[PDB]
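The form deposited in one PDB entry is given below as one chain in structure tokens.
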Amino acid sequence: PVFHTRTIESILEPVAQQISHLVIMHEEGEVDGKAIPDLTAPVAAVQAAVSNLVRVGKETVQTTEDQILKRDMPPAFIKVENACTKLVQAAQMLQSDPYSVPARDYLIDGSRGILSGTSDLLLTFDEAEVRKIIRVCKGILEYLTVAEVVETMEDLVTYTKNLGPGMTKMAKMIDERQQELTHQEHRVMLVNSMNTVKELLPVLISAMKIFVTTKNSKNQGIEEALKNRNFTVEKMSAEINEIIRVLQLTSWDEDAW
């Protein structure tokens, strides 16, 4: 199986691979003539865990201001609850008739449903983390649009003192995100893009210092200095937009649950 992040992989494994296997062993049809042992107590443990998960999820629904969580968490609760009802039914059916083929299939379907709803909740939380990172990226893009307004050395010192720490915060968030992505190609793209942006930052500040000097001296170097600053801002902005794009990618190879 291929998951989006190491957090999700750490939770969905080992059961995702177990269910993936069990489905190949019981595609649909299930003619083995074997009995399933009493699942009443193991199923009661799943039901208790599912009810607890829905309770915990509802704490976020009741407190969050993020409307995309209030919208996406409740359908996952319904999926796990309905899937668990199937699992309880299946265990009751199998306790009455351990050799039942139709019940073994409620059982497998209920298990898939629990895994799917749990995966949906985890992806909702993941998507909210990504939105938080993108807000920071967009804030840097916005402050980069202010570079063109800087026409004095005092304003350049102020600009540098605001942008440096902001870029450090963005870099920290990208570093913390990339480290847990499972796709090496995406980690490499994020690390390379963030390094390009970090390397362009002193180039930008230097270009702004040249622009301010040319402005103050009222010399013939202003249009060249301005174009060189704009070129650097354009490249930094293109790179941050590439980060934003990579942060939202889901590879074709990721298993859907």
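Rigid core (definition): largest C-alpha set, two forms, superposition within 1.5 Å. The first residue of the sequence shown is number 1, and the count goes up from there.
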{"query": "Of 226-234 and 41-49, which departs more from this form in 7 other deposited structures of this protein by CA RMS after core fitting", "finding": "41-49"}
{"query": "In 7 other deposited structures of this protein, rigid core aligned: more displaced of 103-111 and 179-187 by C-alpha RMS", "finding": "103-111"}
{"query": "Other entries lacking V31, at least a third", "finding": "yes"}
{"query": "213-221 or 25-33, whichever carries the higher mean Cα B-factor", "finding": "25-33"}
{"query": "Stretch with the greater mean C-alpha B-factor as recorded in the entry, comparing 230-238 against 16-24", "finding": "16-24"}
{"query": "Given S116, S100, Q184, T168, the residue at which the Cα B factor reaches its maximum", "finding": "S100"}
{"query": "Residue selected from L122, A83, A147, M153 by maximal Cα B factor", "finding": "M153"}
{"query": "B-factor third for the C-alpha atom of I133 within its chain", "finding": "lowest"}
{"query": "Chain third (lowest, middle, highest) by recorded CA B-factor, residue given as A48", "finding": "lowest"}
{"query": "Entry-reported Cα temperature factor of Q92, expressed as the chain third it lands in", "finding": "highest"}
{"query": "B-factor third for the C-alpha atom of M73 within its chain", "finding": "middle"}
{"query": "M173, C-alpha B-factor rank within chain (lowest, middle or highest third)", "finding": "lowest"}
